[PDB]
Amino acid sequence: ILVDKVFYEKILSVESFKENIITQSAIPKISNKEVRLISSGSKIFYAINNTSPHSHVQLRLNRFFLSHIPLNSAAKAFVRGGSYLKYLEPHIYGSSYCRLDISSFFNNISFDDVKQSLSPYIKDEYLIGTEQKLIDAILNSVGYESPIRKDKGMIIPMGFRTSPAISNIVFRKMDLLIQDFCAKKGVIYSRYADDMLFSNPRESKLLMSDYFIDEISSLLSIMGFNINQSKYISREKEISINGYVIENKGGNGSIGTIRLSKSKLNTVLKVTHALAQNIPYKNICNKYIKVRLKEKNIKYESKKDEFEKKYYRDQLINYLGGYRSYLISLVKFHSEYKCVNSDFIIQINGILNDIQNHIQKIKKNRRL
Amino acid sequence: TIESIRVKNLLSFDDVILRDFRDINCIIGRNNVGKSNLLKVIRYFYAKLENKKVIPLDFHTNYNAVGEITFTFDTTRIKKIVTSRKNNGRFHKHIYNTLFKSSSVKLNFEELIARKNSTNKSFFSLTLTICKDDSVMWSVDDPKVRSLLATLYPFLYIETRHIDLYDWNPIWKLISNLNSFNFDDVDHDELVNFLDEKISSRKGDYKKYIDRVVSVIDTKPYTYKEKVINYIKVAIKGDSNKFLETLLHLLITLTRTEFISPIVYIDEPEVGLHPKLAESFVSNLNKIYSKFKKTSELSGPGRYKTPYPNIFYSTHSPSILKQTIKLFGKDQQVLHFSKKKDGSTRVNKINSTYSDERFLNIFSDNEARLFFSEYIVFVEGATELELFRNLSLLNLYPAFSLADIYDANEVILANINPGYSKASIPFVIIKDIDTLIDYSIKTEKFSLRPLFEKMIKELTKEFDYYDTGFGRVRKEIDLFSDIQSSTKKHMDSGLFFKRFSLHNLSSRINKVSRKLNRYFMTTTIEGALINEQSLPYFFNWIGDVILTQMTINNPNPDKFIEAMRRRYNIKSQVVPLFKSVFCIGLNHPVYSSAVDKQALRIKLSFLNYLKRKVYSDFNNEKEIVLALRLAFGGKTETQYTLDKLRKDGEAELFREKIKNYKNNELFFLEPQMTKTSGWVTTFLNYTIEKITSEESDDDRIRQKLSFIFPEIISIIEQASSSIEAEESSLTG
DNA sequence: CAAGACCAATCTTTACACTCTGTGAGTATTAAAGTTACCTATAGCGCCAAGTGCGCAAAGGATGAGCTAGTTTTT
RNA sequence: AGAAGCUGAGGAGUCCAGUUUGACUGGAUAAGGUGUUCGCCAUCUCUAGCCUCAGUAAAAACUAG
């Protein structure tokens with residue numbers, strides 16, 4: 001794709017910035033009065049106003065522009081058809097497993113790297129007179145000058161709509177380099193967001209050596225990225241990643257299996273047990289699940305003891321339906337690839353039957 | 001016995017996986033490039049297995065750096081053979097040391113017993129990786145494993161378009177590799193002595209002759225394969241379709257006593273063959289397949305339980321597919337390749353197993369032709385075929401001619417199950433509104449058919465979370481459930497509706513059921529053919545029929561016309577004169593100028609009388625349309641026909657008037673009034689010819705056809721748009 | 001803490017300049033035709049003006065109604 | 001250096017350890033058992049292992065039989 005002046009005049013900016021084009025005025029940047037500063041632990045999330053000229057431009061860029069630039073198959077995050085299960089699937093054929101993480105992935109993306117990556121797909125011309133270029137005008141809708149990070153200048157912040165696509169486009173080069181490095185060693189490599197998973201099917205201690213870490217660090221130093229030394233895992237014949245267990249006993253032509261730990265399913269089992277023991281829905285929805293109806297959210301008093309009950313029932317049924325959808329997604333993944341343990345399949349079939357029975361009982365009780 | 005083949009980032013493949021192989025796997029599709037690429041991938045993998053220097057394949061995209069080919073082998077029978085305590089041989093122990101040694105020494109004493117020795121299936125996975133610098137890597141770094149896998153699972157490829165009948169190399173290759181004899185125990189000297197003894201006048205002459213020949217022709221010694229081929233040739237008594245039949249029969253026969261399971265690919269088995277020849281080929285293959293089957297009571301010598309090899313077919317003939325589906329049944333599958341939106345080969349399975357024995361026995365060439373299509377239109381009656389297959393109508397729309405129309409009932413649709421191959425073969429099911437709602441006259445209430453209830457149940461989705469835009473479907477379902485009573489009022493003695501129009505409900509149900517690939521017409525085919533805007537054309541067609549088809553029965557036209565004019569009144573008794581003078585005949589004689597003028601005057605008088613009676617008896621001009629579309633086996637508004645009204649005993653006056661019209665004046669039109677008579681084709685051709693004469697531009701005639709016939713033109717336009725949307729993917 | 005290893009495609013080819021029509025020794029030296037040339041597309045619902053919008057979210061009758069929202073990963 | 005760590009603010013009861021006669025500080029309830037590459041890991045069984053208030057942005061896959 002090659003975006004020209006008319007494309008930005010009609011498609012990218014149909015009505016938001018049409019006033020600034022005929023008047024021959026430069027496109028303004030995003031001011032500090034239009035972005036929120038949500039905080040979560042040691043993380044800062046930037047939220048833009050839902051009614052702003054830049055939000056519509058970002059959505060149009062995401063749908064029409066940042067969806068056709070080719071990517072690398074090793075990236076399985078924020079891409080249509082990608083999933084965590086597809087991120088774990090290729091490593092079932094390996095006997096040794098290694099995991100790596102990138103420290104401050106979004107905060108360390110250089111803006112000039114983004115500009116260079118997006119330059120070939122944008123025509124080199126002046127959008128507004130002889131003062132502002134088309135590339136700069138497009139790029140002013142994705143960056144932000146962080147008041148807390150003025151030392152680093154302006155960066156692409158997490159919480160915007162166009163950040164993941166830009167991250168994938170920027171990191172395509174590093175993905176290609178790492179894949180080329182791993183191909184010669186016979187190591188399967190996959191990436192989800194900023195997490196890298198490496199699998200070795202042969203009997204060797206390459207993944208447990210410091211040489212692999214040094215090589216990955218040297219590769220990542222071209223674009224200024226660093227690894228996190230507190231999240232380095234290297235094991236053999238079994239690995240656990242956020243409750244997903246991948247096992248392979250070893251041997252020539254051996255196929256591993258993927259299952260879920262018991263701790264991964266602990267909350268749903270507790271909810272099912274509480275529901276089968278006739279526990280009030282308020283306690284179930286407040287203790288196990290983190291859903292609570294604050295009194296401030298109430299707008300009109302009207303009637304009191306009829307909306308809380310239906311709200312809690314809807315939240316419970318939505319939670320159960322979502323977890324059922326997750327389990328049947330696992331079942332569909334098994335049907336497509338056949339890399340799931342049989343006993344786990346029996347267990348999840350029983351759990352699905354129990355969940356469906358509980359949902360039917362909840363619906364019948366609500367109707368009565 | 002391969003189970004899975006996976007190709008990633010090679011040629012025209014992004015990520016393609018093929019599994020669940022059967023014995024008679026068949027490959028069909030429009031994208032031949034995909035089939036060629038799959039064949040090339042398989043041949044490249046098997047050439048790299050045997051350590052041959054070949055050019056690496058190309059990449060689909062250059063934004064990656066690897067291309068992987070993965071093969072899975074079902075090593076279950078070999079494991080059972082080797083691990084048995086009864087078999088003590090060099091080859092068995094070598095196979096165990098090569099295949100099952102590494103994977104078994106890493107297990108404890110619990111998984112080996114009672115966990116992998118009861119019903120488990122053993123798999124062996126081999127991966128081949130091609131890098132950006134044309135480098136080839138294996139997942140297992142042991143040539144012995146690759147050699148053993150190659151010699152245990154051989155691959156054979158047959159091309160029938162370019163095949164030399166003078167070369168029997170595949171036959172000898174199959175014979176040499178499927179024998180259980182050690183030919184190294186036959187000493188050369190003793191055989192030469194035996195031959196010399198058999199033919200000689202003096203002892204030793206043959207041996208001396210052979211020695212003299214060898215001393216001059218001294219070359220490289222025979223290999224083992226050459227020796228066994230020579231022994232087979234001296235043992236046997238002699239040496240396109242016949243070659244393929246012999247290869248298949250030998251492959252089936254020789255593998256009954258061996259643990260080697262070959263894989264065979266055949267390209268175009270029907271090139272330059274009569275359809276009967278292809279059917280006989282498939283039938284003979286099936287008979288030989290069933291001869292060596294030992295199942296249940298079928299036992300005795302010559303019958304085995306050894307698994308059969310895998311065979312792949314690449315065909316473009318519906319006859320072979322029909323025979324394979326009818327004969328093999330559950331031991332076959334059909335594959336469809338097609339493309340994607342951006343351009344990439346796919347692989348899908350088309351349903352070919354049917355639980356109805358009648359459908360399998362009545363299977364014909366139309367069902368097989370349904371496979372080789374890109375857009376299928378399913379209809380119920382035979383009038384839809386006559387309407388949608390008109391040549392003149394399809395001449396103006398070169399986009400609906402790429403779709404095939406099939407007559408299917410509910411049971412036929414259930415057996416075919418078009419929903420399985422939805423992404424490969426798009427389809428649309430066209431039905432009538434009567435199949436969902438039934439109306440009654442004695443009781444003023446609608447009723448819902450079981451099909452409507454099934455559709456509502458399918459649309460209803462329990463065990464779900466909230467989603468914006470899904471509550472409208474629930475509201476529509478609730479309205480459909482609550483419209484069960486729907487008290488209304490019918491005027492003209494249960495003939496019309498007060499204000500329902502059956503149009504808003506039809507539009508709403510069409511919008512709801514568009515996701516299920518269904519379309520419910522407001523009226524029947526005859527209702528759409530003749531509407532309020534098509535009365536002039538229908539009248540012109542009737543007038544042309546009267547002018548042309550009606551001829552004088554008597555051989556002398558002038559005398560008969562004069563006698564009947566002097567006998568019957570020209571104005572009051574015009575109907576008896578028309579009945580007793582003009583008759584329908586295939587041949588139309590040419591009369592004299594005066595006779596032609598008299599006949600034209602009589603025909604014009606008859607036309608004037610009929611039009612005056614039509615416009616006088618009926619006034620609103622809508623009852624005319626109702627009577628016309630009801631006399632041609634149709635129902636309108638209330639969903640009632642002649643027989644249904646007669647059984648219900650309603651609208652006596654209207655039925656009596658229609659009977660009088662049929663049996664008094666339109667006696668000649670009666671033969672062209674029953675279902676499946678042929679009036680649809682004639683009317684369509686006449687209308688198209690008239691509009692073509694009136695308007696020259698294609699856009700003008702298309703617009704006029706759309707104005708005259710809204711519903712069928714709308715259906716054709718929607719189908720054409722759907723075809724154009726998916727034209728790029730379903731086209732090679 | 002620094003570090004070799006810094007993507008693919010960006011449209012595709014093809015080709016001497018002069019005055020001499022056969023020969024050329026720059027402190028830093030591609031470019032102009034031809035043939036193409038690609039597609040992006042929409043969200044709650046209903047209504048009347050029929051998509052460029054307006055109203056409303058109580059019916060209804062132009063600003064009381066009433067008013068939830070899945071799992072997991074990255075983070 | 002560098003890197004994490006963390007959605008926070010708390011409160012009641014109880015236990016342990018320390019100072020200290022009188023109060024403070026630090027650690028703690030998705031329990032118990034088994035095996036472990038010792039990992040914030042895996043597996044098994046219950047009767048399912050405390051409460052209050054603030055905050056919650058973005059992109060993908062999943063509604064099967």
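Reminder, nothing fancy here: chain letters follow the sequence lines and each chain counts from 1.
- Using a 4.0 Å heavy-atom distance criterion, A:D194 is classed as a sugar-phosphate-only contact.
- If you measure from atom CD1 of A:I102 to atom P of D:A4, you get 12 Å, rounded to the nearest angstrom.
- In this structure, CD1 of A:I44 is placed 14 Å from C1' of D:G5, rounded to the nearest angstrom.
- Under a 3.5 Å limit on both donor-acceptor distances, the bases of C:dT23 and C:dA17 meet the Watson-Crick or G-U wobble criterion.
- Summarising the base pairing, D:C62 is matched to C:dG70 through a Watson-Crick or G-U wobble pair whose two defining distances lie under 3.5 Å.
- One atom, OH of B:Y63, and another, P of C:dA9, lie 6 Å apart when rounded to the nearest Å.
- Here C:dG46 is matched with C:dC54 as a Watson-Crick or G-U wobble partner, both contacts being under 3.5 Å.
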Yes or no on salt bridge (charged side-chain N to carboxylate O under 4.0 Å, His left out) for A:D305 and A:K309, after CA distance, side-chain angles and deciding distance? CA-CA 7 Å; A:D305 298 332; A:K309 298 182 61 180; over 6 Å; no
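- Between the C1' atoms of C:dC38 and C:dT27, the separation comes to 48 Å (whole Å).
- Between C:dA32 and C:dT13, both key atom distances fall under 3.5 Å, giving a Watson-Crick or G-U wobble pair.
- For A:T257 and A:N341, the side-chain atoms include at least one donor-acceptor pair closer than 3.5 Å.
- D:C38 has a negative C1'-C2'-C3'-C4' torsion, placing its sugar in the south range.
- Counting to the nearest Å, the P atom of C:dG70 and the NZ atom of A:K290 are 16 Å from each other.
- Regarding A:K332, its NZ atom lies at a distance of 8 Å from the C1' atom of D:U63, rounded to whole Å.
- No donor-acceptor contact under 3.5 angstrom links the side chains of B:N9 and B:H60, judged on distance only.
- Between the OH atom of A:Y288 and the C1' atom of D:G49 there is a distance of 9 Å, given to the nearest Å.
- D:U56 and D:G18 are not base-paired: they meet neither the Watson-Crick nor the G-U wobble geometry with both distances under 3.5 Å.
- Within residues 211-233 of chain A, the residues having any heavy atom under 4.0 Å from DNA chain C are, by residue number, A:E215, A:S217, A:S218, A:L219, A:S221, A:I222, A:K231.
- Looking at which nucleotide of RNA chain D each of A:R36 and A:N286 is closest to, the 5′-most match is held by A:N286.
- A:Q315 has no side-chain polar atom (N or O) that falls below the 4.0 Å cut-off from OP1 or OP2 of C:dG70.
- Taking 3.5 Å as the upper bound for both contacts, C:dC45 pairs with C:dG55 in Watson-Crick or G-U wobble fashion.
- With D:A4, D:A54, D:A64 as the choices, the nucleotide that has an atom nearest any side-chain atom of A:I328 turns out to be D:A64.
- Straight-line distance between the P atoms of C:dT75 and D:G5: roughly 9 Å, to the nearest whole Å.
- In terms of position along DNA chain C, the nucleotide closest to A:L2 lies nearer the 5' end than the nucleotide closest to the other residue of the pair A:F64 and A:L2.
- At a cut-off of 3.5 angstrom, the base of C:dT72 holds no donor-acceptor pair with the side chain of A:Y326.
- The phosphate of D:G5 (OP1 or OP2) has no side-chain N or O of A:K43 nearer than 4.0 angstrom.
- Entry note: C:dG34 and C:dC11 meet the pairing test, Watson-Crick or G-U wobble at under 3.5 angstrom for both distances.
- Just one residue in the list A:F333, A:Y97, A:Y84, A:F344 forms a ring-ring contact (aromatic ring centres under 6.0 Å, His included) with A:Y244, and that residue is A:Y84.
- The nearest heavy atom of DNA chain C to A:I241 and to A:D314 marks one nucleotide each, and the one closer to the 5' end goes with A:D314.
- Here C:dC56 is matched with C:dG44 as a Watson-Crick or G-U wobble partner, both contacts being under 3.5 Å.
- Counted by atom type alone, A:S204 and A:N200 present one or more donor-acceptor pairs between their side chains at under 3.5 Å.
- Residue-to-nucleotide contacts include a donor-acceptor pair under 3.5 Å from the side chain of A:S325 to the base of D:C62.
- For A:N108, the side chain to side chain donor-acceptor pair (under 3.5 Å) test picks out no residue, with sequence neighbours left out.
- Taking 90° from 0 as the syn/anti boundary, the base of D:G39 is oriented syn.
- The base of C:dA5 has none of its N or O atoms less than 3.5 Å from a complementary donor or acceptor on the side chain of A:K184.
- No Watson-Crick or G-U wobble pair links C:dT19 with C:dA33 with both defining distances under 3.5 Å.
- No canonical Watson-Crick or G-U wobble pair links C:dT30 to C:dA15 with each of its two hydrogen-bond distances shorter than 3.5 Å.
- One can find a donor-acceptor pair under 3.5 Å joining the base of C:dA43 and the side-chain atoms of A:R63.
- Going from atom NZ of A:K76 over to atom P of D:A60 covers 18 Å, rounded to whole Å.
- Atom NZ of A:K10 is separated from atom P of C:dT52 by 14 Å (rounded to the nearest Å).
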In B/S/- notation, 5' to 3', how is nucleotides 37-46 of chain D contacted by protein heavy atoms closer than 4.0 Å? B-B-SSSS--
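- Between the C1' atoms of D:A59 and C:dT73, the separation comes to 11 Å (whole Å).
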